[PDB]
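As structure tokens, the structure follows; a few thoughts come after it.
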Amino acid sequence: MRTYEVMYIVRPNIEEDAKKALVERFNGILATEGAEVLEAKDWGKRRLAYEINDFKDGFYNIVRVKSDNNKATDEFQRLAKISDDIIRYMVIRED
Amino acid sequence: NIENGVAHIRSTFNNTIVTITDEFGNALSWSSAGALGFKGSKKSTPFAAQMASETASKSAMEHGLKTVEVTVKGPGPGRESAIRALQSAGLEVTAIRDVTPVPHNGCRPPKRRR
Amino acid sequence: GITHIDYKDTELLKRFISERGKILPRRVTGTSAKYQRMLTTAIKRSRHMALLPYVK
Amino acid sequence: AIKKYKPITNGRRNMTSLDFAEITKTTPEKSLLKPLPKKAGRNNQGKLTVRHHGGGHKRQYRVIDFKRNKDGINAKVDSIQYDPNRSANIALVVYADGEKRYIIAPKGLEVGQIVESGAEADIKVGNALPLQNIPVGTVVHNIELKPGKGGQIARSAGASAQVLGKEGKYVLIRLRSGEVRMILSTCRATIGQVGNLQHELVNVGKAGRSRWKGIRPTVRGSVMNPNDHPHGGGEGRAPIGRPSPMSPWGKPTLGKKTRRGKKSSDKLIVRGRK
RNA sequence: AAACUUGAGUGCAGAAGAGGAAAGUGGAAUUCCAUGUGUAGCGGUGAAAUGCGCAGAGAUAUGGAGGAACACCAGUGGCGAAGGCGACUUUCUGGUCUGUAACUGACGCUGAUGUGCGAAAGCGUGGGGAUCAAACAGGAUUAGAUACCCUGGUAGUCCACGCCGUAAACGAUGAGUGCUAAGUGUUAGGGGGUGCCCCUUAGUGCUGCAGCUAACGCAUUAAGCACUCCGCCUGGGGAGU
């Protein structure tokens, strides 16, 4: 019904061990009460076309997350503003 | 209080006031945003003060001294549109007190130490 | 307390818009994803006093 | 918080006790206790100078550090104990080097918290540093009066002060009695407020509970004899019958001020009490 | 029971909603005073103003202050139940809607759980009382007015924390109908394809004609007539006692 395309970017300096626990929390709020997703990915070394906060790198893990309870793209938006973990996210409502 | 004019210009984003008073607290003239009549957010712009103090620094006929001692205070879009307003009024602009209402809360008690 | 645009800005309402001035695409910018929300806020706000042509 | 009692007796009809929930340990340090002789309103001559001061339960003075002159070393809170000679609670602080005394437990303090001291210290609840290093508008307590002499102001339970300014020879600070006065900013002061805020909501209830604290009965001066109190003699219940109420030693006790004039610190007080 | 449909379900793509700004650095005020529209300036009357030393006394362009902090984005908004947000500003919180049906298929009572929700004085008013303001000093008539007006002037208006309940909640005006005129606006978002022909209509403002109603009056949302329990006038009274 209400699909959401979240394309959040992580910090350029984060340990893999902590990165696994960082994506676990993001996936925990995305796959909460039913995942209903398409396919997960894990982009690595790459360059962004636009610059935001003058960084050096940034791990990627953008995955499609279809929802019906409208609670998967809730905390995520707040996570990329209050805490200093996410920088550039996304908020697409297109099916 | 002739041959003297200690004016105080106020710079804000709403109803900018720039009147010219004498050395002693006494309003010799009354003409600004209050005597203007613009509710279109134009009584605090660059052309506001210039036109507001225009008649104020022209209908004086008492003070209008060379010195004005403009005391600009507070942030405003046209903060440099009031200092030149008195310069284009007929007098000039020299004394300027750049001190807005933004105290840093910094005071010192007993000395006699480092 | 965050870098936000005021209502006074009149030239900050038609930066990345089409000739007619319709909804702008998501592949015409080049900043952050939080800048698109402010882009749509400059459209609706400028579509009340007819300051932005609906269809030029 | 506050705990009420069921009315099973006439003495416990309105009796209200305190709920010691902040207390962590129930045993004091054996290397920080001193005996108390209890003068009970008696001077060196042996004559009674102050009245309404009887016996009561036995107590043991606990050395309290009101100086906090241990800068450079850190200290972690151990536990919050109960003190009978004070209205507030004390917290056992453990340092490094050796010193390990008690400190007036602040309002928002928990077990396992680091506390520092000295000019180079963070502005956290429990830290103590000079008044000039404290930002204006901060709530502090346990303030000193003379450089390195120990705190003497804001030491009661719930007491707190607020920094206003530094005049030009002293620091302006508002007290709990709504009275602003200058104070040298070379002394130290703890950050935060004192705990045990529900110590004034306690209701004794029983008249025998006041004897446990050491308070003897107070007789009214209007029911005494003519050669015992100004309002002594009088057939039945008569009024004062004088211009103004007098004290036991024949002295006006209503409005008349007593603050001695021409004081050394009479130019340090800005505003009076409200 | 075998069965598919959109028109409604989340609202399928929409746009203003940010379901929601309490707000530190903030600068603009009736008060003292640094020191000024600084001494007749303001709180200031249907006629009727009270206020600011008598052994020592306000006026605010400011400045060293703001409140229950905040004028404009608060819109015939989405309104989902009587219920539309800020000195820009962040939260998606069930959720309600017009053209559209992706998915199974199957069609009622403003509804027995009317949570007793429910402007209002009173309720959990934490805090509350300041330009002020009932009363109060008062000022005022004519053949008639402690009223009201205004005024120094207590209360009186204020925030989370069981909770708080009559209404012009119904403009004295609640209830499933349609159809023999067109639309169907609102805040601003949408096609046939270029907005020229189309866009039934709903959340909302409703537009009169067949037939009723004694009449008044209900009609692209009649009380004619084909779809629910309800339902009110009973002695005027007495009686809301």
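Identifiers for the structure tokens are assigned positionally: chains receive A, B, ... in sequence, residues are indexed from 1 per chain, and ligands are indexed from 1 in the order shown.
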
Problem set entry | Non-local contacts of region 38-46 of chain A (12 Å; only C-alpha atoms (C1' of nucleotides); under 6 positions in same chain excluded) as a list in words |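 Final neighbour list, sorted by chain and number: residues 3, 4, 5, 7, 8, 9, 10, 12, 16, 19, 20, 23, 27, 30, 31, 56, 57, 58, 59, 60, 61, 62, 63, 64, 65, 66 and 67 of chain A.
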
Using the selection just defined, write its residues with C-alpha atoms as a short mmCIF file (atom, residue, chain, number, x, y, z; two decimals), in the first residue's frame.
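Contents of result.cif, freshly written:
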```
data_model
loop_
_atom_site.label_atom_id
_atom_site.label_comp_id
_atom_site.auth_asym_id
_atom_site.auth_seq_id
_atom_site.Cartn_x
_atom_site.Cartn_y
_atom_site.Cartn_z
CA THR A 3 5.94 1.61 -0.08
CA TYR A 4 9.11 3.55 0.93
CA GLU A 5 12.58 3.82 -0.73
CA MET A 7 18.68 5.41 0.73
CA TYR A 8 20.54 6.30 3.99
CA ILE A 9 24.37 6.78 3.98
CA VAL A 10 26.55 5.65 6.96
CA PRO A 12 32.98 7.06 6.35
CA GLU A 16 32.67 -3.63 10.40
CA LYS A 19 28.65 -1.66 11.18
CA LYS A 20 26.94 -5.10 11.54
CA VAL A 23 22.63 -2.19 10.07
CA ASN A 27 16.99 -3.54 9.60
CA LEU A 30 12.67 -1.81 8.80
CA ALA A 31 11.83 -5.55 9.11
CA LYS A 56 35.84 11.16 2.70
CA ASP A 57 33.75 7.97 2.10
CA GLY A 58 30.56 6.27 3.41
CA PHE A 59 29.30 2.64 3.49
CA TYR A 60 26.07 1.91 1.54
CA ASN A 61 23.22 -0.59 2.23
CA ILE A 62 20.07 0.77 0.45
CA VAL A 63 17.35 -1.97 0.37
CA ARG A 64 13.70 -1.70 -0.84
CA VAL A 65 11.25 -1.99 2.12
CA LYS A 66 7.52 -2.32 1.22
CA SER A 67 5.21 -1.77 4.25
#
```

For this session: Would you kindly return, as a VMD selection string, each protein, DNA or RNA residue with an atom no farther than 10 Å from any atom of region 12-16 of chain C, considering only C-alpha atoms (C1' of nucleotides) and excluding same-chain residues fewer than 3 positions away?
Result: chain C and resid 5 to 9 19 21 23 to 25 28 to 29 38 to 46 51 to 52

For this session: Would you work out the distance separating CA of residue 101 (chain B) from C1' of residue 34 (chain E), expressed in Å to one decimal?
Result: 14.0 Å

Exercise. Hey, what's within 9 Å of residue 43 (chain B) if we count only C-alpha atoms (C1' of nucleotides) and toss same-chain stuff fewer than 5 positions away? As a ChimeraX atom specification, please?
Worked result: /B:13-17,32-34,36-38,48-49,52

Problem set entry | Close residues, residue 82 (chain B) itself excluded, 10 Å, only C-alpha atoms (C1' of nucleotides), min 6 positions apart in chain, as a VMD selection string | chain B and resid 9 to 11 16 to 18 44 to 53 70 72 88 93

Dump N, CA and C atoms for the selected residues as a tab-separated table (two decimals), in the first residue's frame?
```
chain	number	residue	atom	x	y	z
B	9	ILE	N	19.45	55.82	16.29
B	9	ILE	CA	18.78	55.04	15.20
B	9	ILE	C	18.58	53.59	15.65
B	10	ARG	N	17.37	53.07	15.47
B	10	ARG	CA	17.04	51.66	15.84
B	10	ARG	C	16.92	50.84	14.55
B	11	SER	N	17.67	49.73	14.46
B	11	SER	CA	17.64	48.87	13.25
B	11	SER	C	16.98	47.53	13.56
B	16	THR	N	11.27	50.14	11.74
B	16	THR	CA	12.60	50.72	12.10
B	16	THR	C	12.40	52.19	12.50
B	17	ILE	N	12.91	52.57	13.68
B	17	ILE	CA	12.76	53.97	14.18
B	17	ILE	C	14.13	54.67	14.16
B	18	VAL	N	14.19	55.86	13.55
B	18	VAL	CA	15.46	56.64	13.47
B	18	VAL	C	15.13	58.13	13.67
B	44	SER	N	10.93	49.25	7.73
B	44	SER	CA	12.19	48.83	8.39
B	44	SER	C	13.19	48.36	7.33
B	45	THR	N	13.00	48.80	6.08
B	45	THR	CA	13.89	48.42	4.95
B	45	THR	C	14.88	49.56	4.67
B	46	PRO	N	15.71	49.47	3.61
B	46	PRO	CA	16.69	50.52	3.29
B	46	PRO	C	16.04	51.88	2.98
B	47	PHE	N	14.91	51.86	2.26
B	47	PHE	CA	14.20	53.12	1.88
B	47	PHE	C	13.32	53.61	3.04
B	48	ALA	N	13.09	52.75	4.03
B	48	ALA	CA	12.25	53.11	5.20
B	48	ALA	C	12.91	54.24	6.00
B	49	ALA	N	14.00	53.93	6.71
B	49	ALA	CA	14.74	54.91	7.54
B	49	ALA	C	15.00	56.20	6.75
B	50	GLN	N	15.56	56.07	5.54
B	50	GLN	CA	15.87	57.25	4.68
B	50	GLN	C	14.65	58.17	4.58
B	51	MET	N	13.48	57.60	4.25
B	51	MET	CA	12.23	58.39	4.10
B	51	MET	C	11.65	58.73	5.48
B	52	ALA	N	11.78	57.82	6.44
B	52	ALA	CA	11.23	58.04	7.80
B	52	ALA	C	11.94	59.24	8.46
B	53	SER	N	13.27	59.28	8.39
B	53	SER	CA	14.07	60.37	9.01
B	53	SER	C	14.19	61.56	8.06
B	70	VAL	N	25.22	58.96	15.64
B	70	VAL	CA	24.29	57.82	15.36
B	70	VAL	C	24.66	56.64	16.27
B	72	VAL	N	23.52	53.20	16.31
B	72	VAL	CA	22.83	52.01	15.73
B	72	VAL	C	22.94	50.85	16.73
B	88	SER	N	22.59	62.03	4.08
B	88	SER	CA	21.83	62.55	2.92
B	88	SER	C	20.72	63.49	3.40
B	93	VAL	N	27.71	62.11	9.19
B	93	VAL	CA	27.77	60.92	10.09
B	93	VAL	C	29.24	60.65	10.45
```

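Residues with any atom within 9 Å of residue 89 (chain A), counting only C-alpha atoms (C1' of nucleotides) and excluding same-chain neighbours fewer than 4 positions away, are residues 6, 7, 8, 9, 76, 77 and 80 of chain A; 32, 33 and 34 of chain C.
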
Problem set entry | Near-residue 173 (chain D) list (12 Å; only C-alpha atoms (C1' of nucleotides); drop same-chain fewer than 6 positions) as JSON, numbers by chain | {"B": [109], "D": [131, 134, 136, 137, 138, 139, 140, 141, 143, 144, 145, 153, 154, 160, 161, 162, 163, 164, 165, 166, 167, 179, 180, 181, 182, 183, 184, 185, 189, 268, 269, 270, 271]}

Now that the selection is made, can you save its residues with N, CA, C and O atoms as a short mmCIF file (atom, residue, chain, number, x, y, z; two decimals), in the first residue's frame?
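Here's the written file out.cif:
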```cif
data_model
loop_
_atom_site.label_atom_id
_atom_site.label_comp_id
_atom_site.auth_asym_id
_atom_site.auth_seq_id
_atom_site.Cartn_x
_atom_site.Cartn_y
_atom_site.Cartn_z
N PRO B 109 34.99 39.91 39.85
CA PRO B 109 34.88 40.27 41.26
C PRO B 109 36.18 40.87 41.81
O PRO B 109 36.71 41.79 41.21
N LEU D 131 34.34 30.25 41.77
CA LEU D 131 33.11 30.96 41.34
C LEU D 131 33.32 31.67 39.99
O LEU D 131 32.33 31.85 39.26
N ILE D 134 32.63 29.40 37.01
CA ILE D 134 31.21 28.93 36.91
C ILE D 134 30.43 29.91 36.03
O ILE D 134 30.40 31.11 36.36
N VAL D 136 27.53 32.26 34.45
CA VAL D 136 26.43 33.03 35.10
C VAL D 136 25.09 32.33 34.80
O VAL D 136 24.87 31.99 33.62
N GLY D 137 24.26 32.15 35.82
CA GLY D 137 22.94 31.50 35.65
C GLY D 137 22.97 30.03 36.04
O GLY D 137 22.02 29.31 35.67
N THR D 138 24.01 29.61 36.77
CA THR D 138 24.14 28.20 37.20
C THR D 138 23.66 28.06 38.65
O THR D 138 23.88 29.00 39.43
N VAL D 139 23.03 26.93 38.98
CA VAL D 139 22.53 26.67 40.36
C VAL D 139 23.61 25.90 41.13
O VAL D 139 23.85 24.73 40.79
N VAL D 140 24.22 26.54 42.13
CA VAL D 140 25.30 25.90 42.93
C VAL D 140 24.86 25.81 44.40
O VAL D 140 23.84 26.43 44.75
N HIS D 141 25.62 25.07 45.20
CA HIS D 141 25.34 24.89 46.66
C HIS D 141 26.66 24.73 47.41
O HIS D 141 27.72 24.64 46.75
N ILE D 143 28.48 26.86 49.31
CA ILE D 143 29.37 28.00 48.92
C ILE D 143 30.23 28.41 50.12
O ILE D 143 29.74 28.31 51.26
N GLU D 144 31.45 28.86 49.85
CA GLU D 144 32.39 29.31 50.92
C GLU D 144 32.22 30.81 51.14
O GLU D 144 31.53 31.46 50.33
N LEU D 145 32.84 31.35 52.20
CA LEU D 145 32.77 32.80 52.51
C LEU D 145 34.19 33.36 52.52
O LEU D 145 34.36 34.55 52.18
N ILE D 153 27.26 28.32 53.32
CA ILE D 153 25.93 28.73 52.77
C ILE D 153 25.36 27.59 51.92
O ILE D 153 26.16 26.82 51.35
N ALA D 154 24.03 27.49 51.87
CA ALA D 154 23.32 26.45 51.09
C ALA D 154 23.85 25.06 51.45
O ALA D 154 24.47 24.42 50.59
N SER D 160 19.68 25.81 47.73
CA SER D 160 20.41 26.05 46.45
C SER D 160 20.59 27.55 46.23
O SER D 160 19.75 28.33 46.71
N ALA D 161 21.65 27.93 45.51
CA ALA D 161 21.93 29.36 45.21
C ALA D 161 22.06 29.53 43.69
O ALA D 161 22.18 28.50 42.99
N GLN D 162 22.02 30.77 43.20
CA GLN D 162 22.13 31.03 41.75
C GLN D 162 23.13 32.16 41.50
O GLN D 162 23.01 33.22 42.16
N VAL D 163 24.08 31.95 40.58
CA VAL D 163 25.11 32.98 40.24
C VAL D 163 24.44 34.06 39.38
O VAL D 163 23.79 33.70 38.39
N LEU D 164 24.62 35.33 39.76
CA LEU D 164 24.01 36.46 39.00
C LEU D 164 25.12 37.26 38.31
O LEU D 164 25.01 37.49 37.09
N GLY D 165 26.14 37.67 39.07
CA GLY D 165 27.25 38.46 38.51
C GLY D 165 28.48 38.45 39.39
O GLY D 165 28.53 37.63 40.33
N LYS D 166 29.42 39.34 39.06
CA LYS D 166 30.69 39.63 39.77
C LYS D 166 30.85 41.16 39.74
O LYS D 166 31.49 41.65 38.80
N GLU D 167 30.23 41.85 40.71
CA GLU D 167 30.19 43.34 40.84
C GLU D 167 31.48 44.02 40.36
O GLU D 167 31.46 44.64 39.29
N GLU D 179 17.74 37.19 48.98
CA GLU D 179 18.63 38.31 49.38
C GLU D 179 19.92 38.25 48.56
O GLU D 179 20.70 37.29 48.75
N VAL D 180 20.14 39.24 47.69
CA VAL D 180 21.36 39.29 46.83
C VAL D 180 22.49 39.96 47.61
O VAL D 180 22.22 40.95 48.31
N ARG D 181 23.71 39.43 47.49
CA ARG D 181 24.89 39.99 48.21
C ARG D 181 26.17 39.62 47.45
O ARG D 181 26.17 38.58 46.78
N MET D 182 27.20 40.46 47.57
CA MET D 182 28.50 40.20 46.89
C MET D 182 29.29 39.17 47.71
O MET D 182 29.12 39.15 48.94
N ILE D 183 30.11 38.35 47.04
CA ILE D 183 30.92 37.31 47.73
C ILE D 183 32.20 37.09 46.91
O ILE D 183 32.08 36.97 45.68
N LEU D 184 33.36 37.02 47.56
CA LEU D 184 34.65 36.80 46.84
C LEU D 184 34.53 35.56 45.95
O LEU D 184 34.07 34.51 46.46
N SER D 185 34.94 35.67 44.68
CA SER D 185 34.85 34.53 43.72
C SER D 185 36.16 33.74 43.68
O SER D 185 36.39 33.05 42.67
N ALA D 189 32.74 26.17 45.11
CA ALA D 189 31.29 25.91 45.31
C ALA D 189 30.88 24.69 44.49
O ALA D 189 31.26 24.61 43.31
N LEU D 268 28.45 44.89 51.41
CA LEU D 268 28.49 43.73 50.49
C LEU D 268 27.05 43.27 50.20
O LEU D 268 26.86 42.51 49.23
N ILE D 269 26.09 43.72 51.01
CA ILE D 269 24.66 43.34 50.82
C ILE D 269 24.00 44.34 49.86
O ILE D 269 23.99 45.54 50.17
N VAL D 270 23.49 43.84 48.73
CA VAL D 270 22.82 44.70 47.71
C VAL D 270 21.35 44.88 48.09
O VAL D 270 20.96 46.03 48.38
N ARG D 271 20.58 43.79 48.09
CA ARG D 271 19.14 43.85 48.44
C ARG D 271 18.90 43.08 49.75
O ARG D 271 19.76 42.24 50.10
#
```

Exercise. Leaving out region 89-96 of chain D and any residue of its chain fewer than 5 positions from it, which residues lie within 12 Å of it when counting only C-alpha atoms (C1' of nucleotides), given as JSON, numbers by chain?
Worked result: {"D": [20, 21, 22, 23, 24, 25, 26, 27, 28, 29, 32, 62, 63, 64, 65, 66, 68, 70, 71, 72, 73, 74, 75, 76, 77, 78, 79, 80, 81, 82, 83, 84, 101, 102, 103, 104, 105, 106, 107, 108, 109, 110, 111, 112, 113, 114, 115, 116, 117, 126, 155, 156, 157, 158, 194, 195, 196, 197, 198, 199]}

Can I get the residues of chain E within 12 Å of chain B, each with the closest pair of atoms and their distance in Å to one decimal, using only C-alpha atoms (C1' of nucleotides), sorted chain first then ascending number, as JSON lines?
```
{"residue": "E:25", "atom": "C1'", "partner": "B:102", "partner_atom": "CA", "distance": 7.7}
{"residue": "E:26", "atom": "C1'", "partner": "B:102", "partner_atom": "CA", "distance": 7.9}
{"residue": "E:27", "atom": "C1'", "partner": "B:74", "partner_atom": "CA", "distance": 6.7}
{"residue": "E:28", "atom": "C1'", "partner": "B:12", "partner_atom": "CA", "distance": 9.2}
{"residue": "E:35", "atom": "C1'", "partner": "B:25", "partner_atom": "CA", "distance": 8.3}
{"residue": "E:36", "atom": "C1'", "partner": "B:25", "partner_atom": "CA", "distance": 5.6}
{"residue": "E:37", "atom": "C1'", "partner": "B:27", "partner_atom": "CA", "distance": 6.6}
{"residue": "E:38", "atom": "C1'", "partner": "B:25", "partner_atom": "CA", "distance": 6.4}
{"residue": "E:39", "atom": "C1'", "partner": "B:26", "partner_atom": "CA", "distance": 10.3}
{"residue": "E:60", "atom": "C1'", "partner": "B:25", "partner_atom": "CA", "distance": 11.2}
{"residue": "E:61", "atom": "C1'", "partner": "B:19", "partner_atom": "CA", "distance": 6.4}
{"residue": "E:62", "atom": "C1'", "partner": "B:8", "partner_atom": "CA", "distance": 7.8}
{"residue": "E:63", "atom": "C1'", "partner": "B:101", "partner_atom": "CA", "distance": 8.5}
{"residue": "E:64", "atom": "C1'", "partner": "B:101", "partner_atom": "CA", "distance": 8.9}
{"residue": "E:65", "atom": "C1'", "partner": "B:101", "partner_atom": "CA", "distance": 10.8}
{"residue": "E:71", "atom": "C1'", "partner": "B:14", "partner_atom": "CA", "distance": 9.3}
{"residue": "E:72", "atom": "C1'", "partner": "B:41", "partner_atom": "CA", "distance": 9.6}
{"residue": "E:87", "atom": "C1'", "partner": "B:13", "partner_atom": "CA", "distance": 11.3}
```

Give me, as CSV, each residue of chain E that comes within 8 Å of chain A, together with its shortest interatomic pair and the distance in Å at one decimal, counting only C-alpha atoms (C1' of nucleotides), with rows ordered by chain and rising residue number.
```
residue,atom,partner,partner_atom,distance
E:10,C1',A:1,CA,6.6
E:12,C1',A:1,CA,7.4
E:13,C1',A:94,CA,8.0
E:92,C1',A:74,CA,6.6
```
